[PDB]
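**Q** The structure that follows is given in the form of structure tokens.
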Ligand SMILES: NC(=O)c1ccc[n+]([C@@H]2O[C@H](COP(=O)([O-])OP(=O)(O)OC[C@H]3O[C@@H](n4cnc5c(N)ncnc54)[C@H](O)[C@@H]3O)[C@@H](O)[C@H]2O)c1
Ligand SMILES: NC(=O)c1ccc[n+]([C@@H]2O[C@H](COP(=O)([O-])OP(=O)(O)OC[C@H]3O[C@@H](n4cnc5c(N)ncnc54)[C@H](O)[C@@H]3O)[C@@H](O)[C@H]2O)c1
């Protein structure tokens with residue numbers, strides 16, 4: 001994948017991992033870089049624009065928990081302007097096992113819904129050109145932080161969902177891969193809530209082990225995007241980039 | 001584990017797999033069998049009651065998609081009468097990838113929320129005796145049926161969540177294991193919707209391959225319950241019972 005001249009939508013581009021990934025993305029000569037995130041960040045937006053004046057950077061206020069109809073409407077506006085979108089990159093995520101419904105709504109349901117919405121424009125069965133989806137999942141989707149069982153379960157859901165998207169590519173025209181960071185120093189893991197307060201010191205304990213910086217994660221993230229491998233399960237841990245092999249425990253035969 | 005004289009709550013006891021499991025359970029001489037299900041089935045109720053008049057069987061009309069406070073209210077009703085409950089079986093589930101939110105709400109959020117609610121009565125930190133949770137997940141939670149990616153992801157979530165529950169047992173006193181049937185002939189799989197209609201013949205095709213009966217499933221379900229292995233991931237496929245080993249791709253080190 002050559003990012004020169006591509007159009008990219010990045011949901012949650014201005015978070016910890018998001019901003020460092022965006023800093024790296026705009027170093028490529030993208031045609032359009034469209035940011036979809038909850039809250040504006042003027043400072044971050046100005047910096048990205050400064051990194052590469054050749055890229056047209058736009059921002060839209062966006063919340064993944066809205067109905068699928070509301071997402072399509074935003075996407076229509078974007079596709080109407082750009083005519084083509086090359087990549088959708090999802091990053092939306094919260095870590096707070098006190099908020100059960102909201103964790104599931106954001107990390108799992110919202111991702112499925114944005115995907116379902118963009119399929120309206122990309123599905124080759126509806127006359128679409130196909131597309132690429134990069135989903136930020138998490139190593140916790142392979143093996144949980146059992147102290148945040150709901151967060152970890154929402155991530156196991158999206159690793160699975162992404163794996164299925166990739167297997168559906170020959171039908172839909174939409175390829176997909178997961179981006180699964182290991183522990184990364186951002187405001188996500190600085191202070192957080194465990195389920196039923198099973199471990200009030202969870203953040204302190206987690207961060208008392210090796211971590212990577214969001215800078216290292218961002219670098220490997222854009223590397224994974226350029227590799228552009230349908231069905232890849234990328235592990236971005238301790239500053240390395242590594243594809244993992246999913247174990248075959250069962251098969252539907254279809 | 002000896003089921004004799006035990007008090008059991010079975011969410012969704014009267015469906016395909018549920019009824020044949022419920023038959024095998026009542027033959028094991030339970031003291032009380034508490035059924036929580038979305039709709040009444042007087043025929044099934046009458047029959048179960050007759051299989052062992054010794055066993056005290058009650059029924060509550062219950063929908064897993066209510067808030068945790070509502071669930072806690074019903075459980076207080078039940079605990080106040082029974083004093084003790086030994087085992088909770090969470091068996092509620094739908095298969096319909098035209099219903100994204102509801103699939104997720106029922107198969108994932110609902111299971112987490114009943115678990116969360118009962119923990120208020122069982123958590124050893126709260127003066128409770130601990131307990132046992134048996135979660136009906138699915139082989140699709142290991143490897144998807146990719147034509148029902150939402151269903152399969154919702155199952156990957158509960159496999160993970162159950163794995164984490166088990167690891168939290170030294171803290172909460174509540175042990176847990178997953179029951180993962182392979183394809184089993186019930187009203188669930190008679191016919192059903194694929195996501196975005198990617199495969200309109202998904203049921204026809206799936207059912208042209210080997211299956212098991214709900215009777216085979218139910219017999220192996222009680223066998224695993226009697227085995228009482230914390231953190232077990234039981235595969236109940238093609239009339240067999242099998243413990244599978246989860247791959248270690250990553251470690252939180254905590
Ligand atoms: N930090 C880590 O160690 C780590 C590890 C593995 C995976 N992840 C995942 O990477 C992603 C980014 O996390 P981060 O560490 O940069 O945390 P962060 O809190 O700094 O950023 C989270 C991002 O998600 C966005 N977001 C949250 N709720 C949203 C909503 N309702 N609608 C739209 N956007 C929303 C935020 O606005 C922000 O852009 C998340 O999916 C997270 O689960 C993080
Ligand atoms: N049949 C299979 O091949 C298969 C394979 C793996 C896992 N499973 C799982 O086994 C469980 C039972 O499925 P089944 O095959 O007996 O199908 P089924 O449709 O016969 O039974 C579904 C059960 O779930 C209950 N339920 C559904 N929605 C509910 C709600 N909102 N609140 C409370 N209860 C609700 C139903 O009343 C019923 O008791 C489900 O979790 C299903 O996902 C089935």
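**Q** If I ask for residues that are free of Cβ contacts under 8 Å to residues at least 60 places away in the same chain and away from ligand 1 (no atom under 14 Å from the Cβ), which ones from the range A:4-18 would you list?
**A** Going residue by residue through the range A:4-18, those that are free of Cβ contacts under 8 Å to residues at least 60 places away in the same chain are A:4-5, A:14.
Those that are free of Cβ contacts under 8 Å to residues at least 60 places away in the same chain and away from ligand 1 (no atom under 14 Å from the Cβ): A:4, A:5.
**Q** Within the range B:19-37, is even one residue away from ligand 1 (no atom under 16 Å from the Cβ), more than 14 Å from chain A (Cβ to nearest Cβ), farther than 21 Å from residue B:221 by Cβ and not in a loop (DSSP other than H, G, I, E, B)? Show your work before the answer.
**A** Initial filter on the range B:19-37 (away from ligand 1 (no atom under 16 Å from the Cβ)): B:19-37.
Pick out the ones that are also more than 14 Å from chain A (Cβ to nearest Cβ) and you get B:19-37.
With the extra rule that they be farther than 21 Å from residue B:221 by Cβ, the set shrinks to none.
For the range B:19-37, residues away from ligand 1 (no atom under 16 Å from the Cβ), more than 14 Å from chain A (Cβ to nearest Cβ), farther than 21 Å from residue B:221 by Cβ and not in a loop (DSSP other than H, G, I, E, B): absent.
**Q** Right, residue B:215: more than 8 Å from chain A (Cβ to nearest Cβ), more than 30 Å from residue B:120 (Cα to Cα) and part of a helix (DSSP H, G or I) or not? Lay out the reasoning, then the answer.
**A** Values: more than 8 Å from chain A (Cβ to nearest Cβ): yes; more than 30 Å from residue B:120 (Cα to Cα): yes; part of a helix (DSSP H, G or I): yes.
For residue B:215, the condition - more than 8 Å from chain A (Cβ to nearest Cβ), more than 30 Å from residue B:120 (Cα to Cα) and part of a helix (DSSP H, G or I) - is met.
**Q** Filter the range A:214-230 for residues that are over 28 Å from residue A:173 (Cβ atoms) and in contact (Cβ under 8 Å) with a residue 40 or more places away in the chain; which is nearest to ligand 2 (Cβ to nearest atom)?
**A** Taking the range A:214-230 as the starting set, the residues that turn out to be over 28 Å from residue A:173 (Cβ atoms) are A:214-219.
Still in the list and also in contact (Cβ under 8 Å) with a residue 40 or more places away in the chain: A:214-215, A:217-219.
Details: A:214: 38, A:215: 42, A:217: 35, A:218: 39, A:219: 41 Å.
Checked the range A:214-230; the qualifying residue nearest to ligand 2 (Cβ to nearest atom) is A:217.
**Q** Only one of these conditions is not met by residue A:223: (1) within 12 Å of another protein chain (Cβ to nearest Cβ); (2) in contact with a strand residue (DSSP E or B) (Cβ under 9 Å, 6 or more places away or on another chain). Which number is it?
**A** (1)
**Q** Take the range B:233-254 and flag every residue that is within 14 Å of another protein chain (Cβ to nearest Cβ), touching a helix residue (DSSP H, G or I) at 6+ places or on another chain (Cβ under 8 Å) and surrounded by 15 or more Cβ atoms within 10 Å (Cβ to Cβ).
**A** Selection gives B:233, B:234, B:235, B:236, B:237, B:246, B:249, B:250, B:252, B:254.
**Q** Continuing with the same structure: If the requirement is being closer than 22 Å to residue A:251 by Cα and within 16 Å of ligand 1 (Cβ to nearest atom), which of these qualifies: B:144, B:153?
**A** B:153
**Q** On to the next question. Hey, among the residues in the range A:161-171 that are at the interface with another protein chain (Cβ under 8 Å from one of its Cβ atoms) and free of Cβ contacts under 8 Å to residues at least 60 places away in the same chain, which one's farthest from residue A:128 (Cα to Cα)? Full working, then the answer.
**A** The first filter runs over the range A:161-171 and keeps only residues at the interface with another protein chain (Cβ under 8 Å from one of its Cβ atoms), leaving A:161, A:163-165, A:167-168, A:171.
Adding the requirement that they be free of Cβ contacts under 8 Å to residues at least 60 places away in the same chain leaves A:161, A:164-165, A:168, A:171.
Values: A:161: 21, A:164: 20, A:165: 16, A:168: 15, A:171: 12 Å.
This residue is A:161.
**Q** Among the candidates A:158, A:202, A:174, A:189, which residue alone is in contact with a helix residue (DSSP H, G or I) (Cβ under 8 Å, 6 or more places away or on another chain), facing chain B (nearest Cβ under 8 Å) and away from ligand 2 (no atom under 16 Å from the Cβ)?
**A** Values: A:202 fails: in contact with a helix residue (DSSP H, G or I) (Cβ under 8 Å, 6 or more places away or on another chain); A:174 fails: facing chain B (nearest Cβ under 8 Å); A:189 fails: facing chain B (nearest Cβ under 8 Å).
Only one candidate qualifies: A:158.
**Q** May I pose another question? In the range A:1-18, which residues are part of a strand (DSSP E or B) and surrounded by fewer than 21 Cβ atoms within 10 Å (Cβ to Cβ)?
**A** Hit for the range A:1-18 is A:7, nothing else.
**Q** Another question, then. Which residues, taken from the range A:100-148, are surrounded by fewer than 21 Cβ atoms within 10 Å (Cβ to Cβ) and free of Cβ contacts under 8 Å to residues at least 40 places away in the same chain?
**A** A:101, A:102, A:126, A:127, A:143 - these are the residues of the range A:100-148 that are surrounded by fewer than 21 Cβ atoms within 10 Å (Cβ to Cβ) and free of Cβ contacts under 8 Å to residues at least 40 places away in the same chain.
**Q** Name the residues in the range B:91-112 that are within 16 Å of residue A:107 (Cβ to Cβ) and touching a helix residue (DSSP H, G or I) at 6+ places or on another chain (Cβ under 8 Å), would you?
**A** At the first step, the residues of the range B:91-112 found to be within 16 Å of residue A:107 (Cβ to Cβ) are B:100-101, B:103-105, B:107-109, B:112.
Selection gives B:100, B:101, B:103, B:104, B:107, B:108, B:109, B:112.
**Q** Residue check, residue A:203 against (1) surrounded by fewer than 21 Cβ atoms within 10 Å (Cβ to Cβ); (2) assigned to a helix (DSSP H, G or I); (3) without any contact (Cβ under 8 Å) to a residue 12 or more places away in the chain, all met but one. Which one?
**A** The failed condition is (3).
**Q** Specify the residue that is nearest to residue B:36 (Cα to Cα); the eligible residues are those in the range B:87-99 that are over 13 Å from the mean Cα position of the chain (by Cα) and surrounded by 19 or more Cβ atoms within 10 Å (Cβ to Cβ). Show your work before the answer.
**A** So the first thing to find is which residues in the range B:87-99 are over 13 Å from the mean Cα position of the chain (by Cα), and the list is B:95-99.
If we keep only those that are surrounded by 19 or more Cβ atoms within 10 Å (Cβ to Cβ) too, we end up with B:95, B:97.
Numbers: B:95: 19, B:97: 24 Å.
Selected residue: B:95.
**Q** Another one. Out of all the residues in the range A:38-65, which are more than 14 Å from ligand 1 (Cβ to nearest atom) and part of a loop (DSSP other than H, G, I, E, B)?
**A** A:52, A:53, A:54, A:55, listed by residue number.
Every residue, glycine among them, receives a Cβ derived from its backbone with ideal geometry; neighbour counts consider all protein chains shown. Each value in this text was obtained by applying a stated rule to the coordinates, not by laboratory testing.
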